[PDB]
>>> print(open('final-v2.cif').read())   # mmCIF, C-alpha atoms and all ligand atoms
data_protein
#
loop_
_atom_site.group_PDB
_atom_site.id
_atom_site.type_symbol
_atom_site.label_atom_id
_atom_site.label_comp_id
_atom_site.auth_asym_id
_atom_site.auth_seq_id
_atom_site.Cartn_x
_atom_site.Cartn_y
_atom_site.Cartn_z
ATOM 1 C CA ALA A 1 -5.799 1.620 9.870
ATOM 2 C CA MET A 2 -4.230 1.156 6.468
ATOM 3 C CA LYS A 3 -4.326 3.598 3.560
ATOM 4 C CA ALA A 4 -3.102 3.215 0.015
ATOM 5 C CA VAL A 5 -3.138 5.304 -3.134
ATOM 6 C CA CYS A 6 -2.724 4.788 -6.868
ATOM 7 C CA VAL A 7 -2.066 7.259 -9.660
ATOM 8 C CA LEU A 8 -3.250 5.854 -12.957
ATOM 9 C CA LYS A 9 -1.948 6.902 -16.353
ATOM 10 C CA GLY A 10 -1.467 5.276 -19.747
ATOM 11 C CA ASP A 11 -0.552 5.865 -23.397
ATOM 12 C CA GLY A 12 -3.533 8.139 -24.017
ATOM 13 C CA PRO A 13 -5.646 10.752 -22.175
ATOM 14 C CA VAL A 14 -6.970 8.564 -19.347
ATOM 15 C CA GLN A 15 -5.644 9.542 -15.923
ATOM 16 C CA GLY A 16 -6.775 9.507 -12.314
ATOM 17 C CA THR A 17 -6.220 8.944 -8.607
ATOM 18 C CA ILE A 18 -7.685 6.170 -6.466
ATOM 19 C CA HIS A 19 -7.518 6.114 -2.664
ATOM 20 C CA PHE A 20 -7.954 2.914 -0.635
ATOM 21 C CA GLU A 21 -8.895 2.882 3.041
ATOM 22 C CA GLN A 22 -9.079 -0.070 5.395
ATOM 23 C CA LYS A 23 -9.958 0.557 9.038
ATOM 24 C CA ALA A 24 -8.667 -2.856 10.229
ATOM 25 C CA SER A 25 -7.402 -6.249 9.074
ATOM 26 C CA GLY A 26 -10.862 -7.792 8.767
ATOM 27 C CA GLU A 27 -12.658 -4.749 7.418
ATOM 28 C CA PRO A 28 -13.626 -4.070 3.790
ATOM 29 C CA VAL A 29 -11.447 -1.827 1.636
ATOM 30 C CA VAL A 30 -13.042 1.437 0.497
ATOM 31 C CA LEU A 31 -11.860 2.898 -2.846
ATOM 32 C CA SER A 32 -12.584 6.486 -3.785
ATOM 33 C CA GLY A 33 -11.369 8.923 -6.407
ATOM 34 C CA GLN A 34 -11.833 10.148 -9.937
ATOM 35 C CA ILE A 35 -10.668 9.113 -13.409
ATOM 36 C CA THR A 36 -10.877 11.491 -16.362
ATOM 37 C CA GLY A 37 -10.492 11.109 -20.093
ATOM 38 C CA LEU A 38 -12.753 8.087 -20.414
ATOM 39 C CA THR A 39 -15.363 7.329 -23.049
ATOM 40 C CA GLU A 40 -18.872 7.685 -21.580
ATOM 41 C CA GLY A 41 -20.146 4.465 -19.989
ATOM 42 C CA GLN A 42 -18.711 1.534 -18.071
ATOM 43 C CA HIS A 43 -15.122 0.319 -17.986
ATOM 44 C CA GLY A 44 -13.516 -2.735 -16.379
ATOM 45 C CA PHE A 45 -11.551 -1.975 -13.222
ATOM 46 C CA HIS A 46 -9.152 -4.670 -11.917
ATOM 47 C CA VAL A 47 -6.201 -5.267 -9.626
ATOM 48 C CA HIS A 48 -3.692 -7.069 -11.839
ATOM 49 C CA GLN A 49 -1.006 -9.334 -10.466
ATOM 50 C CA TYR A 50 2.287 -7.439 -10.828
ATOM 51 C CA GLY A 51 3.367 -3.937 -9.887
ATOM 52 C CA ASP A 52 5.507 -4.025 -13.012
ATOM 53 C CA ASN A 53 4.967 -1.278 -15.549
ATOM 54 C CA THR A 54 8.316 -1.618 -17.405
ATOM 55 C CA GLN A 55 6.220 -2.230 -20.520
ATOM 56 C CA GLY A 56 3.519 0.176 -19.548
ATOM 57 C CA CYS A 57 0.329 -1.563 -18.526
ATOM 58 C CA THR A 58 0.916 -4.870 -20.310
ATOM 59 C CA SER A 59 3.658 -5.916 -17.851
ATOM 60 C CA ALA A 60 1.185 -5.910 -14.941
ATOM 61 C CA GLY A 61 0.235 -9.499 -15.830
ATOM 62 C CA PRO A 62 -3.207 -11.090 -15.425
ATOM 63 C CA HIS A 63 -5.923 -10.205 -12.926
ATOM 64 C CA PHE A 64 -4.708 -10.845 -9.383
ATOM 65 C CA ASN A 65 -5.748 -14.466 -8.794
ATOM 66 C CA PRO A 66 -4.110 -16.252 -5.759
ATOM 67 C CA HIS A 67 -6.676 -19.074 -5.763
ATOM 68 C CA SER A 68 -6.659 -19.864 -9.495
ATOM 69 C CA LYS A 69 -10.393 -19.228 -9.765
ATOM 70 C CA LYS A 70 -12.363 -17.913 -12.741
ATOM 71 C CA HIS A 71 -13.147 -14.278 -13.553
ATOM 72 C CA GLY A 72 -16.430 -13.015 -12.084
ATOM 73 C CA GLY A 73 -18.105 -9.894 -10.791
ATOM 74 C CA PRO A 74 -17.292 -8.396 -7.385
ATOM 75 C CA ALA A 75 -20.452 -9.980 -5.915
ATOM 76 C CA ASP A 76 -19.638 -13.488 -7.168
ATOM 77 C CA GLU A 77 -17.912 -16.041 -4.950
ATOM 78 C CA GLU A 78 -16.213 -17.307 -8.091
ATOM 79 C CA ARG A 79 -13.991 -14.315 -8.944
ATOM 80 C CA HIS A 80 -10.349 -13.429 -9.164
ATOM 81 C CA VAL A 81 -9.336 -11.518 -6.031
ATOM 82 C CA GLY A 82 -8.630 -8.570 -8.368
ATOM 83 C CA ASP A 83 -12.177 -8.481 -9.834
ATOM 84 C CA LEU A 84 -13.600 -5.107 -8.850
ATOM 85 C CA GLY A 85 -16.255 -4.883 -11.552
ATOM 86 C CA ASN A 86 -17.006 -1.689 -13.395
ATOM 87 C CA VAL A 87 -16.387 1.986 -13.115
ATOM 88 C CA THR A 88 -18.671 4.559 -14.740
ATOM 89 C CA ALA A 89 -17.779 7.628 -16.807
ATOM 90 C CA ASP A 90 -20.263 10.454 -17.460
ATOM 91 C CA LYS A 91 -20.884 12.365 -20.700
ATOM 92 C CA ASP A 92 -17.837 14.561 -20.001
ATOM 93 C CA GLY A 93 -15.732 11.410 -19.543
ATOM 94 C CA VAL A 94 -15.451 11.679 -15.768
ATOM 95 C CA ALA A 95 -15.728 8.620 -13.536
ATOM 96 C CA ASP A 96 -16.211 9.265 -9.859
ATOM 97 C CA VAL A 97 -15.349 6.054 -8.069
ATOM 98 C CA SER A 98 -16.753 4.762 -4.842
ATOM 99 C CA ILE A 99 -16.493 1.073 -4.109
ATOM 100 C CA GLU A 100 -16.411 -1.224 -1.119
ATOM 101 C CA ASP A 101 -14.824 -4.634 -1.344
ATOM 102 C CA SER A 102 -14.183 -7.308 1.213
ATOM 103 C CA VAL A 103 -12.124 -9.697 -0.891
ATOM 104 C CA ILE A 104 -9.112 -7.443 -1.670
ATOM 105 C CA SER A 105 -7.023 -6.276 1.268
ATOM 106 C CA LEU A 106 -4.201 -3.880 2.187
ATOM 107 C CA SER A 107 -2.446 -6.625 4.157
ATOM 108 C CA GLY A 108 -2.126 -10.399 4.425
ATOM 109 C CA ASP A 109 -2.901 -12.948 1.716
ATOM 110 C CA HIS A 110 -4.953 -10.630 -0.486
ATOM 111 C CA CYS A 111 -2.743 -7.565 -0.133
ATOM 112 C CA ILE A 112 -2.916 -5.507 -3.320
ATOM 113 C CA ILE A 113 -0.117 -3.160 -2.252
ATOM 114 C CA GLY A 114 2.692 -3.288 -4.784
ATOM 115 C CA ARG A 115 0.341 -4.535 -7.488
ATOM 116 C CA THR A 116 -1.332 -2.625 -10.298
ATOM 117 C CA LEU A 117 -4.744 -1.041 -10.690
ATOM 118 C CA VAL A 118 -5.911 -0.924 -14.276
ATOM 119 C CA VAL A 119 -8.836 0.805 -15.942
ATOM 120 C CA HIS A 120 -9.934 -0.832 -19.191
ATOM 121 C CA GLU A 121 -11.155 0.033 -22.715
ATOM 122 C CA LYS A 122 -14.433 -1.915 -22.556
ATOM 123 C CA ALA A 123 -16.978 -2.835 -19.863
ATOM 124 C CA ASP A 124 -16.159 -5.950 -17.861
ATOM 125 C CA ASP A 125 -18.935 -8.463 -18.608
ATOM 126 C CA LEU A 126 -18.637 -10.143 -15.177
ATOM 127 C CA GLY A 127 -18.059 -13.634 -16.602
ATOM 128 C CA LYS A 128 -21.309 -13.709 -18.646
ATOM 129 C CA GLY A 129 -19.959 -13.135 -22.185
ATOM 130 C CA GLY A 130 -20.129 -16.801 -23.156
ATOM 131 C CA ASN A 131 -16.699 -17.071 -24.762
ATOM 132 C CA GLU A 132 -13.368 -18.210 -23.357
ATOM 133 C CA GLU A 133 -12.185 -14.647 -22.635
ATOM 134 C CA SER A 134 -15.143 -13.662 -20.458
ATOM 135 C CA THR A 135 -13.862 -16.310 -18.088
ATOM 136 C CA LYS A 136 -10.325 -14.842 -18.032
ATOM 137 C CA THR A 137 -10.831 -11.171 -18.564
ATOM 138 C CA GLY A 138 -14.517 -10.170 -18.740
ATOM 139 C CA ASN A 139 -13.774 -9.104 -22.324
ATOM 140 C CA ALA A 140 -12.874 -5.623 -20.973
ATOM 141 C CA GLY A 141 -10.255 -5.179 -23.684
ATOM 142 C CA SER A 142 -7.213 -2.958 -23.731
ATOM 143 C CA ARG A 143 -5.539 -1.500 -20.637
ATOM 144 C CA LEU A 144 -6.161 2.262 -20.862
ATOM 145 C CA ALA A 145 -4.227 3.309 -17.762
ATOM 146 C CA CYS A 146 -2.663 1.900 -14.685
ATOM 147 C CA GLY A 147 -0.522 2.519 -11.641
ATOM 148 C CA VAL A 148 1.227 0.702 -8.865
ATOM 149 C CA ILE A 149 -0.713 0.652 -5.606
ATOM 150 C CA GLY A 150 1.418 2.177 -2.900
ATOM 151 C CA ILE A 151 1.303 2.876 0.815
ATOM 152 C CA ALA A 152 -0.421 6.130 1.746
ATOM 153 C CA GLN A 153 -0.458 8.243 4.911
ATOM 154 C CA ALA B 1 12.591 -15.693 -3.520
ATOM 155 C CA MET B 2 11.243 -12.146 -3.868
ATOM 156 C CA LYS B 3 11.411 -9.784 -6.835
ATOM 157 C CA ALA B 4 10.440 -6.144 -7.313
ATOM 158 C CA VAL B 5 10.676 -3.475 -9.919
ATOM 159 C CA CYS B 6 10.508 0.315 -10.101
ATOM 160 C CA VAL B 7 10.055 2.554 -13.106
ATOM 161 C CA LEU B 8 11.458 6.008 -12.352
ATOM 162 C CA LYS B 9 9.809 8.936 -14.154
ATOM 163 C CA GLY B 10 10.319 12.659 -13.558
ATOM 164 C CA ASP B 11 9.188 15.986 -14.958
ATOM 165 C CA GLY B 12 12.674 16.628 -16.333
ATOM 166 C CA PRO B 13 14.997 14.521 -18.490
ATOM 167 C CA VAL B 14 15.660 11.789 -15.888
ATOM 168 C CA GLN B 15 14.166 8.306 -16.231
ATOM 169 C CA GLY B 16 15.108 4.763 -15.274
ATOM 170 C CA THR B 17 14.250 1.220 -14.320
ATOM 171 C CA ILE B 18 15.399 -0.537 -11.187
ATOM 172 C CA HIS B 19 15.148 -4.248 -10.411
ATOM 173 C CA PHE B 20 15.207 -5.674 -6.878
ATOM 174 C CA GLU B 21 15.998 -9.220 -5.817
ATOM 175 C CA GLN B 22 16.011 -10.911 -2.395
ATOM 176 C CA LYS B 23 16.649 -14.658 -2.089
ATOM 177 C CA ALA B 24 14.941 -15.159 1.276
ATOM 178 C CA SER B 25 13.699 -13.186 4.301
ATOM 179 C CA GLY B 26 17.129 -13.056 5.907
ATOM 180 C CA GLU B 27 19.176 -12.100 2.873
ATOM 181 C CA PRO B 28 20.258 -8.771 1.292
ATOM 182 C CA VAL B 29 18.345 -7.019 -1.472
ATOM 183 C CA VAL B 30 20.306 -6.742 -4.712
ATOM 184 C CA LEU B 31 19.542 -3.758 -6.940
ATOM 185 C CA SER B 32 20.470 -3.385 -10.579
ATOM 186 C CA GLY B 33 19.142 -1.310 -13.440
ATOM 187 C CA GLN B 34 19.839 1.956 -15.165
ATOM 188 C CA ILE B 35 18.988 5.619 -15.061
ATOM 189 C CA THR B 36 19.646 8.133 -17.807
ATOM 190 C CA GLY B 37 19.540 11.894 -18.296
ATOM 191 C CA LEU B 38 21.534 12.611 -15.125
ATOM 192 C CA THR B 39 24.231 15.205 -14.660
ATOM 193 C CA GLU B 40 27.542 13.376 -14.375
ATOM 194 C CA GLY B 41 28.552 12.271 -10.874
ATOM 195 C CA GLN B 42 26.823 11.198 -7.668
ATOM 196 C CA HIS B 43 23.177 11.480 -6.751
ATOM 197 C CA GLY B 44 21.250 10.619 -3.629
ATOM 198 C CA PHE B 45 19.299 7.427 -4.069
ATOM 199 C CA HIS B 46 16.634 6.887 -1.408
ATOM 200 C CA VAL B 47 13.565 4.916 -0.555
ATOM 201 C CA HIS B 48 11.035 7.392 0.775
ATOM 202 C CA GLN B 49 8.224 6.402 3.093
ATOM 203 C CA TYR B 50 4.997 6.578 1.035
ATOM 204 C CA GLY B 51 4.242 5.213 -2.421
ATOM 205 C CA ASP B 52 2.108 8.274 -3.089
ATOM 206 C CA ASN B 53 2.780 10.145 -6.331
ATOM 207 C CA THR B 54 -0.334 12.351 -6.308
ATOM 208 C CA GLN B 55 1.772 15.506 -6.369
ATOM 209 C CA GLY B 56 4.836 14.215 -8.100
ATOM 210 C CA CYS B 57 7.742 12.899 -6.118
ATOM 211 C CA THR B 58 7.155 15.303 -3.253
ATOM 212 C CA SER B 59 4.098 13.494 -1.971
ATOM 213 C CA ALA B 60 6.331 10.455 -1.222
ATOM 214 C CA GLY B 61 7.238 11.956 2.160
ATOM 215 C CA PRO B 62 10.640 11.807 3.836
ATOM 216 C CA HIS B 63 13.051 8.824 3.819
ATOM 217 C CA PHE B 64 11.574 5.518 5.008
ATOM 218 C CA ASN B 65 12.461 5.738 8.696
ATOM 219 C CA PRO B 66 10.540 3.228 10.908
ATOM 220 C CA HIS B 67 13.088 3.460 13.761
ATOM 221 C CA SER B 68 13.330 7.277 13.863
ATOM 222 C CA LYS B 69 17.047 7.492 13.274
ATOM 223 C CA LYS B 70 18.852 10.399 11.594
ATOM 224 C CA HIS B 71 20.099 10.231 8.019
ATOM 225 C CA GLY B 72 23.332 8.415 7.126
ATOM 226 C CA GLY B 73 25.039 6.363 4.434
ATOM 227 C CA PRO B 74 24.070 2.733 3.898
ATOM 228 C CA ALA B 75 27.274 1.708 5.744
ATOM 229 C CA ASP B 76 26.831 4.097 8.672
ATOM 230 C CA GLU B 77 25.343 2.636 11.851
ATOM 231 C CA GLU B 78 22.808 5.389 12.350
ATOM 232 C CA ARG B 79 20.842 5.584 9.093
ATOM 233 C CA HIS B 80 17.257 5.581 7.865
ATOM 234 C CA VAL B 81 16.124 2.220 6.501
ATOM 235 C CA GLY B 82 15.530 3.831 3.123
ATOM 236 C CA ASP B 83 19.127 5.209 3.074
ATOM 237 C CA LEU B 84 20.757 3.584 0.014
ATOM 238 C CA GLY B 85 23.475 6.172 -0.408
ATOM 239 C CA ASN B 86 24.661 7.422 -3.754
ATOM 240 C CA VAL B 87 24.252 6.346 -7.325
ATOM 241 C CA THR B 88 26.876 7.427 -9.893
ATOM 242 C CA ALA B 89 26.244 8.804 -13.403
ATOM 243 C CA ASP B 90 28.943 8.721 -16.109
ATOM 244 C CA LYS B 91 29.846 11.516 -18.559
ATOM 245 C CA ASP B 92 26.883 10.530 -20.759
ATOM 246 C CA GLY B 93 24.413 10.859 -17.844
ATOM 247 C CA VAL B 94 23.972 7.137 -17.320
ATOM 248 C CA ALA B 95 24.058 5.458 -13.914
ATOM 249 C CA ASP B 96 24.435 1.669 -14.149
ATOM 250 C CA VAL B 97 23.117 0.957 -10.701
ATOM 251 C CA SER B 98 24.431 -2.003 -8.715
ATOM 252 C CA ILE B 99 23.761 -2.120 -4.997
ATOM 253 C CA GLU B 100 23.509 -4.660 -2.217
ATOM 254 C CA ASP B 101 21.761 -3.684 0.967
ATOM 255 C CA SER B 102 20.903 -5.775 3.977
ATOM 256 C CA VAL B 103 18.742 -3.242 5.805
ATOM 257 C CA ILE B 104 15.932 -2.811 3.285
ATOM 258 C CA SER B 105 13.809 -5.830 2.517
ATOM 259 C CA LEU B 106 11.085 -7.038 0.183
ATOM 260 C CA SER B 107 9.067 -8.286 3.138
ATOM 261 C CA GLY B 108 8.540 -7.604 6.827
ATOM 262 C CA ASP B 109 9.082 -4.458 8.887
ATOM 263 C CA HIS B 110 11.698 -3.171 6.445
ATOM 264 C CA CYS B 111 9.562 -4.012 3.442
ATOM 265 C CA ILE B 112 9.881 -1.352 0.712
ATOM 266 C CA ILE B 113 7.221 -2.724 -1.592
ATOM 267 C CA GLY B 114 4.577 -0.085 -2.159
ATOM 268 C CA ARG B 115 6.983 2.693 -1.258
ATOM 269 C CA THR B 116 8.719 5.217 -3.514
ATOM 270 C CA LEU B 117 12.248 5.096 -4.865
ATOM 271 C CA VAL B 118 13.641 8.556 -5.586
ATOM 272 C CA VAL B 119 16.783 9.644 -7.429
ATOM 273 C CA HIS B 120 17.915 13.060 -6.153
ATOM 274 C CA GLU B 121 19.462 16.144 -7.773
ATOM 275 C CA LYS B 122 22.663 16.269 -5.740
ATOM 276 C CA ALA B 123 25.130 14.020 -4.004
ATOM 277 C CA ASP B 124 24.121 12.570 -0.625
ATOM 278 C CA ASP B 125 26.538 13.885 2.056
ATOM 279 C CA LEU B 126 25.721 10.723 4.053
ATOM 280 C CA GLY B 127 24.439 12.695 7.038
ATOM 281 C CA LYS B 128 27.782 14.348 7.794
ATOM 282 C CA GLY B 129 27.197 17.901 6.556
ATOM 283 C CA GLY B 130 26.717 19.335 10.021
ATOM 284 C CA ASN B 131 23.507 21.177 9.105
ATOM 285 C CA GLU B 132 19.852 20.420 9.767
ATOM 286 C CA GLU B 133 19.269 19.283 6.208
ATOM 287 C CA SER B 134 22.165 16.785 6.238
ATOM 288 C CA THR B 135 20.500 15.109 9.174
ATOM 289 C CA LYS B 136 17.275 14.522 7.200
ATOM 290 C CA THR B 137 18.057 14.130 3.548
ATOM 291 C CA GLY B 138 21.823 14.326 3.203
ATOM 292 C CA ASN B 139 21.595 17.663 1.322
ATOM 293 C CA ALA B 140 20.615 15.610 -1.745
ATOM 294 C CA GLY B 141 18.338 18.350 -3.064
ATOM 295 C CA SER B 142 15.340 18.027 -5.318
ATOM 296 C CA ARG B 143 13.615 14.840 -6.439
ATOM 297 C CA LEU B 144 14.608 14.182 -9.997
ATOM 298 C CA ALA B 145 12.536 11.049 -10.701
ATOM 299 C CA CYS B 146 10.521 8.500 -8.773
ATOM 300 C CA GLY B 147 8.357 5.413 -8.881
ATOM 301 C CA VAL B 148 6.423 3.117 -6.613
ATOM 302 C CA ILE B 149 8.259 -0.140 -5.956
ATOM 303 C CA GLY B 150 6.109 -3.021 -7.160
ATOM 304 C CA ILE B 151 5.987 -6.816 -7.023
ATOM 305 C CA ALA B 152 7.632 -8.427 -10.046
ATOM 306 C CA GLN B 153 7.508 -11.898 -11.593
HETATM 307 ZN ZN ZN A 201 -10.695 -11.199 -13.253
HETATM 308 ZN ZN ZN A 202 17.914 9.298 4.885
#
>>> encode(input="final-v2.cif", output="structure tokens", more="lines below")
Ligand SMILES: [Zn+2]
Ligand SMILES: [Zn+2]
Amino acid sequence: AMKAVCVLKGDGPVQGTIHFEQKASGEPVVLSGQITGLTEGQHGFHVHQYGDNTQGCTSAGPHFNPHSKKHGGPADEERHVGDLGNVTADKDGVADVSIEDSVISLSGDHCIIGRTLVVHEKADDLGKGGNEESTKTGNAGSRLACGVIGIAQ
Amino acid sequence: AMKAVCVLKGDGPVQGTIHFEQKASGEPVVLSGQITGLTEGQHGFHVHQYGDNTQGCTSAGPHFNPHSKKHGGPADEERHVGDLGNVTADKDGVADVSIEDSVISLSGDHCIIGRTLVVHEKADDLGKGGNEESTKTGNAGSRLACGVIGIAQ
């Protein structure tokens, strides 16, 4: 079994911890955790390409995209590998997270270990925003907090 | 060619940025970068097993030690994989790190991507202190700053 963990923080009040679990090579990855300090509602949630936070979140690069595809939702076949959709904050700004994904991995070609998890300012539109950016970025806006995904026990 | 980067933050005055470069699977990792806010002199400089910073640097675990050896210097024959030795700070509290190591790696069984780099409070005795502690951590003391090692462009 593989485990991973990520501590997210940024320039403001958003912070949280995300755990990844993957029973075997060909199993889905389960994320779970909590993020606090968010505006109420939905926020984009992506694995970005680099585990480089020398410039805070901006140095993480684009969404993790080995196959040079377009941005989509987690349920689309046409998606960046990093496209995990949205995460949902309550009225008190708390986002419990619980997600299963079979495209990211903790080993092999789609390994996200050593890369960066980012929570975003705006909802990810899942490729349906009808402008150029939706296709790149889901229009999710600024990177509110991030962390390098590391190996967990 | 492989590249990696690590931003070291702590709860105290110590911070830094470390860059890693390996030319191919067989070759040494070259480390450069800088750390500031240190007391003048030597400090343990180790890659610990887990990239987990949920409770600060302490949740990173012990030194990366796949082969279950006791602690040593990088040049000793019995050493942990994560055993990089000492890093030296000048009178102004700056360590201009430059290190070449052929035991760590940016891929494979000795891969340190997704693990935690820690700069320690005291000098590493290189496993020769003749006490229990020497044998594990080199009597390097507390964890001054740390970061998960991440994939870089
Ligand atoms: Zn995307
Ligand atoms: Zn050691």
>>> residues_around(input="final-v2.cif", residues="residue 35 (chain A)", least_positions_apart="5", cutoff="9 Å", atoms="all atoms listed in the file", output="PyMOL selection string")
chain A and resi 8+14-18+89+93-97+119
>>> closest_residue(input="final-v2.cif", among="B:43, B:153, B:6, B:25", to="residue 120 (chain B)", atoms="only C-alpha atoms")
B:43
>>> atom_distance(input="final-v2.cif", atom1="CA of residue 72 (chain A)", atom2="CA of residue 144 (chain A)")
20.4 Å
>>> residues_near_ligand(input="final-v2.cif", ligand="ligand ZN 202 (chain A)", cutoff="6 Å", atoms="all atoms listed in the file", output="list in words")
residues 63, 71, 72, 80, 83, 136 and 137 of chain B
>>> closest_residue(input="final-v2.cif", among="A:106, A:126, A:57, A:81", to="residue 3 (chain A)", atoms="all atoms listed in the file")
A:106
>>> closest_atom_pairs(input="final-v2.cif", of="chain A", to="chain B", cutoff="7 Å", atoms="only C-alpha atoms", output="tab-separated table")
residue	atom	partner	partner_atom	distance
A:5	CA	B:52	CA	6.0
A:7	CA	B:54	CA	6.3
A:50	CA	B:151	CA	5.3
A:51	CA	B:150	CA	4.0
A:52	CA	B:152	CA	5.7
A:53	CA	B:7	CA	6.8
A:54	CA	B:7	CA	6.2
A:113	CA	B:114	CA	5.6
A:114	CA	B:150	CA	4.2
A:115	CA	B:150	CA	6.0
A:148	CA	B:148	CA	6.2
A:149	CA	B:114	CA	6.4
A:150	CA	B:114	CA	4.0
A:151	CA	B:51	CA	5.0
A:152	CA	B:50	CA	5.5
A:153	CA	B:50	CA	6.9
